[PDB]
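Visitor:
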Amino acid sequence: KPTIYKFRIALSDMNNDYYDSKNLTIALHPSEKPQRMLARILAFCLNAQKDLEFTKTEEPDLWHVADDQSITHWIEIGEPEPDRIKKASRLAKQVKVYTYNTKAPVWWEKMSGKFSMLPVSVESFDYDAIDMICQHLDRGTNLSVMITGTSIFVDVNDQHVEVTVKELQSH
């Protein structure tokens with residue numbers, strides 16, 4: 004059965020001067036891991052002004072469809088293949104990649120040349136910090152996300168965890 008998570012988030016983006024309170028309800032399946040779910044939320048927190056939306064595997068993780076049905080923003084969470092981002096870069100105006108695993112530095116060392124031939128941004132999350140936030144996640148968890156510099160400070164059940172955002176490719 005799908006595990007139901009409810010997140011009450013108080014957001015503070017001190018880089019873009021954006022403050023909002025988002026309530027999100029996410030469904031989790033034993034196949035998917037809670038670490039990838041949190042990485043999608045952090046990308047939503049980093050790009051909340053884009054009015055993104057979560058998705059239900065070729066479909067992106069987060070996107071914003073305009074009235075012309077043109078994908079304005081494409082947010083992929085994970086370590087995708089360059090051919091996938093190659094297709095996504097044509098369909099979407101802006102494509103941003105957020106990796107969240109420990110294999111990312113080795114993955115980037117092999118995909119650096121191909122991704123340099125794409126007008127996208129590649130940024131990395133600290134996995135162990137995301138794993139930490141997972142351990143203190145209740146079925147219904149009240150989170151507080153603070154964004155400053157190149158790091159994300161998350162308050163989850165009084166526990167404070169810093170998640171660094173390393174830049175691999177700008178745009």
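Those letters in the sequence shown? Residues 4 to 59, 64 to 178, by full-length UniProt numbering. Don't be surprised by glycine CBs; every beta carbon is placed ideally from N, CA and C.
Comparing C-alpha positions only, which one of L175, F160 and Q176 sits nearest to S15?
Guide: Against the sequence shown, residue 15 aligns to sequence position 12. Closest by alpha carbon: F160.
Visitor: Starting from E130, trace the alpha helix (DSSP H) in both directions and tell me its first and last residue.
Guide: Here the question's residue 130 lines up with position 123 in the sequence shown. No alpha helix (DSSP H) holds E130; the beta strand (DSSP E) holding it covers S128 to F132.
Visitor: How should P5 be labelled, buried or exposed, when 16 other C-beta atoms within 10 angstroms of its C-beta is the threshold for buried?
Guide: What you label residue 5 is simply residue 2 of the sequence shown in a count that begins at 1. So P5 ends up on the exposed side.
Visitor: Find out if the Cβ-Cβ distance for the pair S77, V127 is shorter than 8 Å.
Guide: As a first step, residue 77 is located in the sequence shown; it is residue number 70 there, counting from the start. As a first step, residue 127 is located in the sequence shown; it is residue number 120 there, counting from the start. Their beta carbons are not under 8 Å apart, which means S77 does not touch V127 by this criterion.
Visitor: Taking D75 as the reference, which of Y134, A99, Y22 and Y105 has the closest Cα?
Guide: In the sequence shown, the residue the question calls residue 75 occupies position 68. Ranking the options by Cα distance to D75, first place goes to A99.
Visitor: For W70 and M118, I'd like the C-alpha separation in whole angstroms.
Guide: As a first step, residue 70 is located in the sequence shown; it is residue number 63 there, counting from the start. As a first step, residue 118 is located in the sequence shown; it is residue number 111 there, counting from the start. Rounded to the nearest angstrom, the two C-alpha atoms are 23 Å apart.
Visitor: Going by DSSP, what residue range makes up the alpha helix (DSSP H) through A13?
Guide: Position 10 of the sequence shown, counted from the start, is the residue given in the question as residue 13. From DSSP, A13 is part of no alpha helix (DSSP H) but of the beta strand (DSSP E) over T6 to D16.
Visitor: Just curious, the alpha helix (DSSP H) that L27 is in, first and last residue?
Guide: Here residue 27 refers to the residue found at position 24 when the sequence shown is read from its first residue. Premise fails: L27 lies in the beta strand (DSSP E), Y21 to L31, not in any alpha helix (DSSP H).
Visitor: Kindly indicate which three-state DSSP category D162 falls into: helix, strand or coil?
Guide: In the sequence shown, residue 162 corresponds to position 155, counting from 1. Correct three-state label for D162: strand.
Visitor: With a cut-off of 8 Å on the beta carbons, I'd call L150 and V163 a contact; round off their distance for me.
Guide: As a working note, residue 150 is residue 143 in the sequence shown. As a working note, residue 163 is residue 156 in the sequence shown. Indeed, because the Cβ distance is near 5 Å, the residues count as touching under 8 Å.
Visitor: Distance, Cα to Cα, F47 vs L55?
Guide: Position 44 of the sequence shown holds residue 47. Position 52 of the sequence shown holds residue 55. Approximately 7 Å between the Cα atoms of the pair.
Visitor: Taking DSSP as the reference, what is the three-state secondary structure of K103?
Guide: By one-based count along the sequence shown, residue 103 stands at place 96. Here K103 sits in strand by DSSP.
Visitor: Within the continuous alpha helix (DSSP H) that includes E116, where are the two ends?
Guide: Position 109 of the sequence shown, counted from the start, is the residue given in the question as residue 116. Note, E116: alpha helix (DSSP H), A111 to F122.
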